[PDB]
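Any value given below was found using the heavy atoms of this structure, including those in side chains, with hydrogens, waters and symmetry copies removed. Along the sequence shown, residues are numbered consecutively beginning with 1. Remember, it's 1-based here, ligands and their atoms both numbered in the order they're listed.
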Amino acid sequence: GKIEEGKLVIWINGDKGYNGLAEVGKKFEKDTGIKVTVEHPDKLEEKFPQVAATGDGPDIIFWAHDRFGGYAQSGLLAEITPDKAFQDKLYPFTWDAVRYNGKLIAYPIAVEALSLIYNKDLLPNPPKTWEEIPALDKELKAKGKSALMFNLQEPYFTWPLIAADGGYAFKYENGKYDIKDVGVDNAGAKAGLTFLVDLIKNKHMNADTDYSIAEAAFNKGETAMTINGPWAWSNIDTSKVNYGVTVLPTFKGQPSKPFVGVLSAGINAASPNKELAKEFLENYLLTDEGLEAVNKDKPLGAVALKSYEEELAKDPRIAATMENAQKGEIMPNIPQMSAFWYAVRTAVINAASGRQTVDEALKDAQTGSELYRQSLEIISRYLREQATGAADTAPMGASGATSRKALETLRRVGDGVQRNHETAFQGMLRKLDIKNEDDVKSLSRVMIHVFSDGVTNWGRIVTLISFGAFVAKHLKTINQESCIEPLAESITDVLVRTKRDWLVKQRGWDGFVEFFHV
Ligand SMILES: COCCOCCn1nc(C)c2c1CSCc1cc(n(C)n1)CCc1cc(c3ccc(F)cc3c1)OCCCn1c(C(=O)O)c(C)c3c-2c(Cl)ccc31
Ligand SMILES: OC[C@H]1O[C@H](O[C@H]2[C@H](O)[C@@H](O)[C@@H](O)O[C@@H]2CO)[C@H](O)[C@@H](O)[C@@H]1O
């Protein structure tokens with residue numbers, strides 16, 4: 001659990017140009033004598049927050065920007081402070097992708113969007129619409145071919161279709177996200193996912209198709225089309241398939257809307273090599289020669305570095321990438337992105353396999369995506385009204401009947417728990433000696449340990465929240481009212497991270513209201 005001083009360890013996904021990145025590392029070593037180790041572990045975006053929370057992990061982590069707000073919120077990333085001269089070398093919108101709570105939390109590398117990739121020897125002109133794909137598959141099947149194969153195991157690849165007719169993650173209006181307004185189970189999301197499931201039902205696609213299977217089929221000339229990003233072009237070049245890269249098909253006359261990623265490089269907050277990491281990223285990697293080395297291995301997309309992007313922009317494949325990007329949306333970096341992706345991943349897989357209907361699958365995904373914010377609304381309101389004696393007059397907003405009814409229920413059962421268990425609550429409050437915001441921050445680890453052990457039920461959830469209210473009352477009394485919202489956030493995090501799957505299975509807070517009815 002200690003990052004080694006005087007070297008650099010870098011993590012990057014196994015679909016990216018990690019051999020090219022290692023070449024940049026060798027150049028760094030030639031100048032400095034500092035060895036750079038590039039690794040591409042499986043599930044690195046899940047491994048990183050686990051290991052970094054213990055003060056371990058790589059010095060530098062590469063991922064699309066969407067994961068980084070969660071990492072930064074968890075205190076796992078160093079703030080990035082490049083000088084004006086350096087900042088001005090990258091496009092401003094790329095810096096925007098790596099800004100979280102007003103601070104830069106990573107270096108942007110390149111802009112990624114999915115495109116339609118097609119075999120010109122099979123399909124001289126690609127389909128403009130999703131709706132024509134079934135007929136094209138029929139035509140191709142008579143030749144011993146298929147129309148389309150792409151990864152159905154990762155929702156990144158299916159999202160463009162889900163979003164086309166009106167699906168959305170978190171609503172964006174007036175230059176701001178409404179994190180309360182989730183668009184996973186609306187008519188538009190349903191229409192797109194139904195189209196996908198119908199392709200499967202009608203044997204135009206197979207629910208088991210993954211990245212490797214689709215890549216192999218396209219590169220062997222068995223399927224006429226795939227959906228993939230710039231990183232895939234190297235292996236297609238090697239295959240000698242006569243390919244094009246183009247705009248994704250429309251659905252119901254509307255563009256497919258890919259979620260656009262900015263490949264980014266963050267520095268681990270626990271690294272003792274922050275200056276070496278900055279030097280590597282700014283003066284080795286984010287140069288024309290550094291990016292070229294990575295790009296020659298696996299293409300990056302539209303790079304963040306203006307000078308190199310000027311050269312690459314003439315490539316029609318990059319132009320197509322950017323056309324698809326302009327039709328899509330830059331991913332949020334809010335901490336709830338991880339949960340959104342987990343929820344949608346499960347929905348797509350379950351709908352595609354027939355384990356759930358489209359309606360069932362997307363209802364669950366909606367609940368899972370809404371879970372943190374709805375839970376926080378309820379728990380924050382209860383803790384604060386308990387502490388102050390007065391309720392919050394603000395409207396509940398989205399799913400407001402559920403929030404209101406859950407709060408009403410919690411008032412009843414939670415007040416009962418605080419009364420009946422006053423002795424244990426008072427004893428434990430005194431033992432914990434919670435005085436300030438640092439002490440509140442220290443609670444998460446012990447709360448997880450206690451709460452995650454043993455049986456799962458709504459009663460224990462009430463105890464968790466009710467003791468929170470008991471602590472909040474204390475905090476207010478000792479003029480530490482500012483600690484209550486951080487406490488609420490911490491409790492909510494514990495609840496939703498430890499009980500996610502069970503909570504979704506209960507219909508979330510609707511289950512709670514029903515469980516304690518009368
Ligand atoms: C000093 O002994 C007093 C006598 O004790 C009798 C047994 N007895 N009876 C009851 C109802 C509880 C206990 C103590 S053993 C469990 C325990 C609690 C803690 N430790 C270290 N151990 C402290 C760490 C901690 C835990 C939290 C917090 C939640 C909010 C927060 F702001 C801070 C929190 C801080 O939640 C855990 C899940 C909910 N939970 C549960 C549960 O069922 O999960 C129980 C049983 C309790 C008890 C208490 Cl006093 C508080 C919460 C409980
Ligand atoms: O499928 C959900 C997944 O989507 C994105 O991951 C992409 C990544 O951005 C690409 O660079 C490439 O590696 O493919 C991944 C999909 O397998 C999100 O960035 C990620 O957080 C999310 O889990």
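Within 4.0 Å of ligand 1, the residues that place a heavy atom are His421, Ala424, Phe425, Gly427, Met428, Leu432, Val446, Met447, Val450, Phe451, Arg460, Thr463, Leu464, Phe467, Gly468, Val471, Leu487, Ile491, listed by chain and number. For ligand 2, the 4.0 Å heavy-atom shell contains residues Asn13, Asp15, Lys16, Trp63, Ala64, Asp66, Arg67, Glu112, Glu154, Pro155, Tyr156, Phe157, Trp231, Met331, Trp341, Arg345.
Between the side chains of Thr388 and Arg384, no donor-acceptor pair is found at a separation under 3.5 Å.
Cation-pi geometry between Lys298 and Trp231 is not satisfied (NZ or CZ under 6.0 Å from the ring centre, within 45° of the ring normal). Figure legend: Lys499 and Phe451 shown as a cation-pi pair, the cationic atom lying under 6.0 angstrom from the six-membered ring centre and within 45 degrees of its axis.
The backbone N or O of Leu300 sits less than 3.5 Å from a side-chain atom of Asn295, completing a donor-acceptor pair.
Heavy-atom neighbours of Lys363 NZ from other residues, nucleotides or ligands within 6.0 Å: at or below the threshold of 12. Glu408 CD: more than 12 foreign heavy atoms inside a 6.0 Å radius. When the shell of 6.0 Å around CZ of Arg412 is examined, it contains more than 12 heavy atoms from other residues, nucleotides or ligands.
Taking the six-membered ring where the residue is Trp, the centroids of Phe515 and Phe512 are separated by 6.0 Å or more.
No salt bridge links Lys441 with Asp438; every basic N to acidic carboxylate O contact stays at or beyond 4.0 Å.
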